[PDB]
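Visitor: The data below comprise the sequence and an experimental structure of the protein.
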Amino acid sequence: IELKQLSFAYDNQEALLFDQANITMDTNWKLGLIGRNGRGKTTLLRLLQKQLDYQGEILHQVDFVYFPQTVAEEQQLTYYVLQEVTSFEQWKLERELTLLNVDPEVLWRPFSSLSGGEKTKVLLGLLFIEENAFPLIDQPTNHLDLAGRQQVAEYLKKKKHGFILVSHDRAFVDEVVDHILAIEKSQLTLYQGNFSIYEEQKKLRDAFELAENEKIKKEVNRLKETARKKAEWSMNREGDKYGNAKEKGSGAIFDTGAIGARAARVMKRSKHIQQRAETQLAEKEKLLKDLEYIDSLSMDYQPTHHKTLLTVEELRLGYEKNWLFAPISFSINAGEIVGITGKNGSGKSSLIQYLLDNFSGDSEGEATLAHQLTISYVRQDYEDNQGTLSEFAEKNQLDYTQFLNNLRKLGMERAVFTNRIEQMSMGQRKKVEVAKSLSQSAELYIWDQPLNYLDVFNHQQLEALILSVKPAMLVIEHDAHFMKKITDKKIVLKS
Amino acid sequence: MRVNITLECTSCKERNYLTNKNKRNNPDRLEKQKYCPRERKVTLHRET
RNA sequence: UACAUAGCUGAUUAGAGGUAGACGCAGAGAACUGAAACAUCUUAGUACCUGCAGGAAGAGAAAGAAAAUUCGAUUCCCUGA
RNA sequence: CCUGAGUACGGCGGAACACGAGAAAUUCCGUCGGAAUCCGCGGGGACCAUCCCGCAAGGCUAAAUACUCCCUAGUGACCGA
RNA sequence: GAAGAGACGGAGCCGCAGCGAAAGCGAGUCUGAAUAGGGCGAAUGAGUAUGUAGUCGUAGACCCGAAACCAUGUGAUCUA
RNA sequence: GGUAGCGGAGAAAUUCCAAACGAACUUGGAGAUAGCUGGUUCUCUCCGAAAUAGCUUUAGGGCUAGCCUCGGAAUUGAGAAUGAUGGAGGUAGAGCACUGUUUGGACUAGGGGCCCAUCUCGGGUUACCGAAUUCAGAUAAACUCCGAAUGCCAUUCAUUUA
RNA sequence: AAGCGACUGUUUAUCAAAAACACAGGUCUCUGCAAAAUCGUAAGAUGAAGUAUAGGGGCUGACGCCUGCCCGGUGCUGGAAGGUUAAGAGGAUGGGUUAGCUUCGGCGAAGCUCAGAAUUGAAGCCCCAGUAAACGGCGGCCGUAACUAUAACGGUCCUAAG
RNA sequence: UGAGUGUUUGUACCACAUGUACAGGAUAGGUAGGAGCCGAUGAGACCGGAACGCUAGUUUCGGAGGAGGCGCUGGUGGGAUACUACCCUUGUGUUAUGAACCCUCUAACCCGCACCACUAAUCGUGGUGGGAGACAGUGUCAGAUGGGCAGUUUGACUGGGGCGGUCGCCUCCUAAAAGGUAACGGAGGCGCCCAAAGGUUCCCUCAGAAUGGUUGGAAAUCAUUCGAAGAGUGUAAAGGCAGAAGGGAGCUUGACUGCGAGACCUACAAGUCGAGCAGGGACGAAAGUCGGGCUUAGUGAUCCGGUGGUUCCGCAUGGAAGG
RNA sequence: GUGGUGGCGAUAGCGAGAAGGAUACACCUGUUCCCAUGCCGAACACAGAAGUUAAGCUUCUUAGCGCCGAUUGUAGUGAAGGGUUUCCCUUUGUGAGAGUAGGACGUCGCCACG
RNA sequence: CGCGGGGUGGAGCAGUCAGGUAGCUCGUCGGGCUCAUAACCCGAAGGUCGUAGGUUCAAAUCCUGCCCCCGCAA
RNA sequence: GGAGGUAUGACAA
Ligand SMILES: Nc1ncnc2c1ncn2[C@@H]1O[C@H](COP(=O)(O)OP(=O)(O)OP(=O)(O)O)[C@@H](O)[C@H]1O
Ligand SMILES: Nc1ncnc2c1ncn2[C@@H]1O[C@H](COP(=O)(O)OP(=O)(O)OP(=O)(O)O)[C@@H](O)[C@H]1O
Ligand SMILES: [K+]
Ligand SMILES: [K+]
Ligand SMILES: [K+]
Ligand SMILES: [K+]
Ligand SMILES: [Mg+2]
Ligand SMILES: [Mg+2]
Ligand SMILES: [Mg+2]
Ligand SMILES: [Mg+2]
Ligand SMILES: [Mg+2]
Ligand SMILES: [Mg+2]
Ligand SMILES: [Mg+2]
Ligand SMILES: [Mg+2]
Ligand SMILES: [Mg+2]
Ligand SMILES: [Mg+2]
Ligand SMILES: [Mg+2]
Ligand SMILES: [Mg+2]
Ligand SMILES: [Mg+2]
Ligand SMILES: [Mg+2]
Ligand SMILES: [Mg+2]
Ligand SMILES: [Mg+2]
Ligand SMILES: [Mg+2]
Ligand SMILES: [Mg+2]
Ligand SMILES: [Mg+2]
Ligand SMILES: [Mg+2]
Ligand SMILES: [Mg+2]
Ligand SMILES: [Mg+2]
Ligand SMILES: [Mg+2]
Ligand SMILES: [Mg+2]
Ligand SMILES: [Mg+2]
Ligand SMILES: [Mg+2]
Ligand SMILES: [Mg+2]
């Protein structure tokens, strides 16, 4: 597999997402493919499929599979949509799902009734069923739990031939992956090693860049100073060609040509020094290209007297009296974070739906908000967002400036604000949702997997901010380390 | 941003025209009804 | 170092060296110059040096030139240009 | 049965071929690797097939060609201290 | 064949047909879808060999004149 | 006696290496190169310039055009000058009709204080400073309501020459 | 009486005798012996017919009192995990051709040939530490006292250090 | 520059084992057969250990045992077992091979190590010991370092030169009523934008002032009158435009293809305008306008490479390479 | 006489004032249809003919505004000269702008109807 | 008149390159602790970043000017 | 019971 002189930009783009890429991999490498949000990972996988108009050249002679598969008829049954996408063996899929954790009764439900967990797990079953094709695996571990990730890593270690995946999940790629493509800012890189190695070497590169820049800045300032001083000296010598009209005899000067010659030599020193400074600036201009320039975040937390913001009492919840988890009682006070956890399909989003009253199932038990409580909300199902941002921020009563501010702080370049939410990457749509939440003045925050389709930098931003402000929050995550860093009030719902 | 552009006859796949456009104001792939002298008719010329 | 070889001695055999400040084979091999600067390139495989020489040398009887089914070993002049 | 083996050829590095690596055939030097032999081998300007031409890796070979320190006989719209 | 003139020697050179990148066509050709128009050409026509003079090019090229560069060699009887 | 020039020696100065060493001397390449200075030899006759544009790692050099000379050629004699006629053109001048600058006066929005009234609300005056309008007066290379003399282009127009 | 150099010496043959050079002394650094360094294509030689109290190189320059801070940068020394890192080995695949198939299209074995991947592949670079008698470097602003001035003192920013 | 051992192992054979989804008698590898098949050639089936492992178990090793057995048929499951083979993933071994790496050997190479001889010789050549040793050295190729050394470069304009500034393009003045015209003379701009800011058809006319009116002011927006341009014309200045080039709304894409008489400017290279013809269209009823914008800046040679097309060529032929 | 439609540098116009509708042009009554008004049958478009020409539109007066515009004289200036030469003067020839006298409230046609 | 470097709460400073909505330390003010003062602790105030405009969704930051300060010149 | 060793606080009054 070879990329030769590839250049590419979507029709919307001002700039080049790729500019003369020149690389070579094969079907044997266990390859990771990493980068921030909006760099071209999914785009590049499509270009490997030849699904878009690649300028330059691409060489391959191998059949591909892209996870997630593109699906229609989200109303119809899961078995129907899966047969429509790719035929398979029902029992083989049962085996894969039961090595994972979900009952095949999900197959004979509609495809949207599932959670993202079971969606992901089932399409990964479809992946695993295929044998000959070359896996392209775009963000598999998102919407997934420890057991699923463990079994998936087991499968991928057992994997004889090669594959490609996009993760954002450091430990997960470190377990399995050998080679790494890295779509850095302004260029592209290929290493042999895991994401930890990539971290180390990129830190070294950044250190070198910054140090060399500081050297150049210091030296150029020095040389500019010296140039100015030599220049003033020359001018003072040119002043000797002439005398003073106030005092007699000062003129009648002889060999002004030699005077001017020597002054010219001094100016020529000044100019040599300036040219050196210019060359050093030219060296400077090659620097600071693969950096991120990380930034903090903000949060419009607006508390009130309500020290009790949510209560739950004996809440047993489910569909058709197949009650989905044992009854629970708990509470969310002010400045307190609560980590609601469990397996996939354990009923967490169902609990959120019972709170916000849009639960189409069976309820027994109590759940009480406060009187005039304001919610901010980050859901697991943000597909519904559509259109421009100047219209999104009108549908959702926001400040457009604070909105785009929080977006750029999350790491979206301002070339992207002209795009449409249909066009943006899933990470960028996720950033739109998070920026909505952060911009909404609210008193309780309800976060249903904010951490899926984001970057490590975004993970760090969110952790630092939530640990700095410590607002009242409900949280749902499978990144157990994050919940360890933040919360102690952890609550594991289960059947 | 403002870029010089070769259009192209969708049938002949022949370029036949040079033009200009924004990417901000004209992000979608531009199209016109222009003459293809190889066909000696008018045809949908699409940017490439 | 025993067999012997080296070594030593004696008889033999043929080389040395310079010409012709000219010609020709080989080895090694410049720069000024020209390119209006200059580095590739040019001057130039020239000058210089060295070796081998002979009256000439060198090349030389096709694992060729062509496209004609054809010319029949090299060398040199004209021409191709 | 024989018909010129560390050879032709190839890789790397360099040269000469009008041909400056260029699409670079052909020839030669260094280095390393490394064939078959008559149903065979090389060339015909990358290269493959067909056709044609030739049969390397061993040697010699006069003549036409270049030059004059010199010898003889001489010549000049060459010189005349 | 007097160091000759001259004879022989038609291989080759120029011109007589050009147009086009070329295939190729041909007083036409190329561009062009094109009998269009336009360009280059023909019907308008004269060249060639030698001599001679002016001029140009390659050769030192009009005469003198550098500092300098390179390659042999000679010099420590001066002085270190 | 030894060290020899892409070098040697140097108690080190660019110093000495056969009477001038930032790289000896000699021979050859070699008649180096010189957009640089100097020179370039007999006569007469005909005609007779330029020192300008453009481009130039170009500016004291060069190339093309311009200006000169010589030969041929043809063309409704085009060329030159003067007159008549008709045109383009906005200059000197003049003017303020626009754009700017600007003087004095009438009036004045508005801006200053002083006092009464103060919720700082409404005035009344220094002939207080004064937009803007208007009267009169000025001004201009980058102002023109106007606008020449000249010069320019052209006339199967005329005259005279070539 | 003062400056320079400690001294005796050497120095620009032919404009400079000196405060310049050397000097003993000091310090740093290299070198275990076929030394290191140097001349030279190499042999060979000096070093040395020596052997770390010897030799070479750099700086300073008798003697006396001293020789402060800085290893952030440039070098050097040592180190080493990781990434990257040439030729070479490696040979996957892809074009060109064509025996043969074809359905005209087109496909295409073997061989040959043109490009040649993955993998492997040293020093070095990125990195850690040390090193300044190694290269080199050694700050600003603001106030602050019972006359006034001034600031023992304080604050602040940067620095590798001030 | 060869003799080994060992390790990491690559490949290839050949023998070994190990295959637990869920439910399910239960640790079900796929496939077909499959209801037969095994046992004193030691059954049923117990004991200790070993491997793996999902920790449920499978198998084997050894001990006891001394006679029986496994499954069918049927239930769940996609698939039911026993047993036969075709076997397939995974990881153990034998052997042959290929590399990399460490140590060991000595027989190549080497010793400014000793002794002997040539020999009177601190050379050298040999011989015998000893040491190191397939390293070094040398050759070829490649990477890093390399002023130790070499060959070279290091603009012009310019009121001397140098700095500053400038170098290409557009507009005005200078510029002397055609055109042109210089200065290190005066002032400014450009290195783009627009998919409608183009085209066509239809329609419209601005700026400001006065008056009045609510927030609403000095001034938004509304209405009348005054209103000749005092506005606007994407972007600088000049020229011009209210018969619009300004403004608005429909339909489109002529911001077409091949061209082009003839003129302007011009040293050359270039630049500018262009009626009109042909094809095929847009708008409009039609006339008729449309080969970008309001006019003038928004740009740069050749060489060299890249992309697409081509009825061009293809070193004897067909192709291909390459043009 | 009115209406339409053209040419001539508005000497044509702008303002003010008077009268008229015979036909005519106009206003005018509406939205029934073609069609239309980023709102409105105001404008566009359509149909009609109760009413008034008040307005617009015609004809007349007005020299207030604007337009045209001499003659004279001057400035400037070509050519030829002079001087006391950043300027000034003389001869000849041409000759403005301004300021006026004055003109000017239209001229020439074609067509339909009365 | 020009060339460099500066104008960020009371002082000193970042942030300016890279627009993301003003911060570090000290100081001031208030209240606590203390017999009282300092230190310490808890609070607050003080700047649209010299200024008038543009660009932008958004300017201390980018652009254009204008006004002051320190060096040179002058 | 006893011996030797093992932070700030004006001046004067
Ligand atoms: N269809 C599209 N049209 C236009 N722009 C797009 C389109 N899809 C993606 N982009 C833009 O291209 C860039 C890369 O998007 P892409 O989907 O490749 O991201 P990614 O590498 O997968 O990142 P992420 O972590 O968000 O998944 C982003 O700026 C995104 O907005
Ligand atoms: N409409 C529905 N009808 C029936 N079952 C449903 C329906 N919606 C959801 N479920 C089931 O409810 C369970 C949990 O659903 P829920 O959306 O709450 O999951 P979750 O907690 O968000 O899970 P995950 O970790 O996968 O995101 C799953 O088994 C899912 O199949
Ligand atoms: K030179
Ligand atoms: K011979
Ligand atoms: K070749
Ligand atoms: K250091
Ligand atoms: Mg993606
Ligand atoms: Mg969920
Ligand atoms: Mg030259
Ligand atoms: Mg060959
Ligand atoms: Mg070879
Ligand atoms: Mg003589
Ligand atoms: Mg005589
Ligand atoms: Mg030299
Ligand atoms: Mg001597
Ligand atoms: Mg000196
Ligand atoms: Mg020569
Ligand atoms: Mg004037
Ligand atoms: Mg003194
Ligand atoms: Mg002394
Ligand atoms: Mg003395
Ligand atoms: Mg002397
Ligand atoms: Mg000293
Ligand atoms: Mg020795
Ligand atoms: Mg040098
Ligand atoms: Mg040279
Ligand atoms: Mg100069
Ligand atoms: Mg000057
Ligand atoms: Mg003019
Ligand atoms: Mg051929
Ligand atoms: Mg051929
Ligand atoms: Mg007049
Ligand atoms: Mg206090």
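Guide: Received, thanks. Numbering: from 1, shown residues only, chains lettered A, B, ... in the order given. Ligands and ions are numbered 1, 2, ... in the order given.
Visitor: contacting residues around the residue lying closest to residue A:193 once chain neighbours are set aside?
Guide: Residue nearest to residue A:193 in three dimensions, not counting chain neighbours: residue A:180, with 6.4 Å by CB to CB, 6 or more residues apart in numbering or on different chains. In this view, the C-beta of every residue, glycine as well, is placed from N, C-alpha and C. Residue A:180 makes contact with A:31-34, A:173, A:190-195, A:197-198, according to CB atoms under 8 Å, 6 or more residues apart in numbering or on different chains.
Visitor: Return the members of those classed as buried.
Guide: Using 16 or more other CB atoms under 10 Å in any protein chain shown as the burial test, the contacts of residue A:180 include A:31-34, A:173, A:191, A:194-195, A:198 as buried.
Visitor: and of these, the nearest to ligand 8?
Guide: residue A:173 (23.5 Å; CB to the ion).
Visitor: among the buried ones among the contacts of residue A:180, which are in helices?
Guide: A:173, A:195, A:198 (DSSP state H).
Visitor: so how far is RNA strand G from the residue nearest the centre of chain B?
Guide: By CA atoms, centre = their mean, chain B has its centre lying nearest to residue B:7, at 2.4 Å. Look at residue B:7 and RNA strand G: by CB to the nearest atom of the strand, to the nearest Å, they are 29 Å apart.
Visitor: And the residue of chain B closest to ligand 1?
Guide: Going by CB to the nearest ligand atom, ligand 1 is nearest to residue B:27 of chain B, at 8.0 Å.
Visitor: SS state for the closest residue to that residue other than its chain neighbours?
Guide: Nearest residue to residue B:27, sequence neighbours excluded (CB to CB, 6+ apart): residue A:12, at 4.4 Å. Here residue A:12 is recorded as coil under DSSP: H, G, I helix; E, B strand; the rest coil.
Visitor: wait, residue A:12 sits on residue B:22?
Guide: No - judged on CB atoms under 8 Å, residue A:12 makes no contact with residue B:22 at a distance of 11.1 Å.
Visitor: Which one of those two is surrounded by more residues?
Guide: residue A:12 (15 against 12; other CB atoms under 10 Å in any protein chain shown).
Visitor: give the contact list for that one.
Guide: Contact analysis of residue A:12 by CB under 8 Å, 6+ apart lists A:418-419, A:423, B:23, B:27.
Visitor: Which two among these are spaced furthest apart?
Guide: Farthest-apart pair in these is A:423 and B:23; separation 13.1 Å (CB to CB).
Visitor: Looking at those two, which is more packed in?
Guide: Per other CB under 10 Å, whichever of residue A:423 and residue B:23 has more neighbours is residue B:23, with 19 against 14.
Visitor: How many residues are close by the nearest residue to the more buried one once chain neighbours are set aside?
Guide: Excluding the flanking residues, the one nearest residue B:23 by CB to CB, 6+ apart is residue A:14, at 5.2 Å. Number of residues near residue A:14 (other CB under 10 Å) recorded here: 14.
Visitor: Residue A:14 against residue B:21, yeah?
Guide: No - contact between residue A:14 and residue B:21 fails when scored by CB under 8 Å: they sit 11.9 Å apart.
Visitor: list the residues that contact both of those two?
Guide: Where contact means CB under 8 Å, 6+ apart, no residue is in contact with each of residue A:14 and residue B:21.
Visitor: Tell me the gap between the host helix or strand of residue B:19 and the middle of its chain.
Guide: If you go by DSSP states H and E, residue B:19 is part of strand B:18-21. Distance, stretch centre to chain centre, for strand B:18-21: 8 Å (CA atoms, centre = their mean, to the nearest Å).
Visitor: Identify all contacting residues around it.
Guide: Looking at what lies outside strand B:18-21 - CB under 8 Å, 6+ apart - the contacts are B:2-7, B:30, B:47.
Visitor: next helix or strand past that strand?
Guide: Taking DSSP H and E, what comes next after strand B:18-21 is strand B:31-36.
Visitor: Next, see if that following strand gets close to RNA strand H.
Guide: Yes - contact of strand B:31-36 with RNA strand H is found when judged by CB under 7 Å from any atom of the strand, involving B:32-35.
Visitor: Please name the residues that touch residue A:140.
Guide: Residue A:140 neighbours (CB under 8 Å, 6+ apart): A:67, A:120, A:124, A:152, A:165, A:167.
Visitor: Now tabulate the residues you listed in TSV and tack on neighbour count, distance to RNA strand J and secondary structure.
Guide: Shown next, in TSV, are the contacts of residue A:140 (neighbours: other CB atoms under 10 Å in any protein chain shown; distance: CB to the nearest atom of the strand, whole Å; DSSP: H, G, I helix; E, B strand; the rest coil):
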residue	neighbour count	distance to RNA strand J	secondary structure
A:67	19	34	strand
A:120	24	33	helix
A:124	24	37	helix
A:152	25	37	helix
A:165	26	32	strand
A:167	22	27	coil
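Visitor: Distance to ligand 2 for these - can I get that in JSON lines?
Guide: Compiled in JSON lines, those are given as follows (distance: CB to the nearest ligand atom, whole Å):
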{"residue": "A:67", "distance to ligand 2": "17"}
{"residue": "A:120", "distance to ligand 2": "8"}
{"residue": "A:124", "distance to ligand 2": "13"}
{"residue": "A:152", "distance to ligand 2": "15"}
{"residue": "A:165", "distance to ligand 2": "20"}
{"residue": "A:167", "distance to ligand 2": "18"}
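Visitor: would JSON lines of the residues you listed with distance to RNA strand G be doable?
Guide: Output for the contacts of residue A:140, formatted as JSON lines (distance: CB to the nearest atom of the strand, whole Å):
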{"residue": "A:67", "distance to RNA strand G": "23"}
{"residue": "A:120", "distance to RNA strand G": "30"}
{"residue": "A:124", "distance to RNA strand G": "26"}
{"residue": "A:152", "distance to RNA strand G": "24"}
{"residue": "A:165", "distance to RNA strand G": "17"}
{"residue": "A:167", "distance to RNA strand G": "19"}
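Visitor: For ligand 2, what's the nearest residue on chain A?
Guide: For chain A, CB to the nearest ligand atom, closest residue to ligand 2: residue A:117, 2.2 Å.
Visitor: right, and that residue touches residue A:348 too?
Guide: No - using CB under 8 Å, residue A:117 is not in contact with residue A:348, being 9.7 Å away.
Visitor: check contacts around whichever residue of chain B sits closest to RNA strand J.
Guide: The nearest approach of chain B to RNA strand J comes at residue B:24, 9.8 Å away (CB to the nearest atom of the strand). Residue B:24 makes contact with A:14, A:418, B:1 under the criterion CB under 8 Å, 6+ apart.
Visitor: and whichever residue of chain B sits closest to ligand 8, how many neighbours does it have?
Guide: Ligand 8 sits closest to residue B:27 of chain B, with a gap of 34.9 Å, by CB to the ion. If you count neighbours by other CB under 10 Å, residue B:27 ends up with 18.
Visitor: Find the residue closest to residue A:206 in space, skipping its chain neighbours.
Guide: residue A:291 (6.3 Å).
Visitor: how much space is there between residue B:27 and residue A:7?
Guide: Distance of residue B:27 to residue A:7, computed by CB to CB, to the nearest Å: 18 Å.
Visitor: How about residue A:150?
Guide: Distance of residue A:150 to residue A:7, given as CB to CB: 40 Å.
Visitor: Next, the contact list for residue B:10, please.
Guide: Under the criterion of CB under 8 Å, 6+ apart, the neighbours of residue B:10 are B:43-46.
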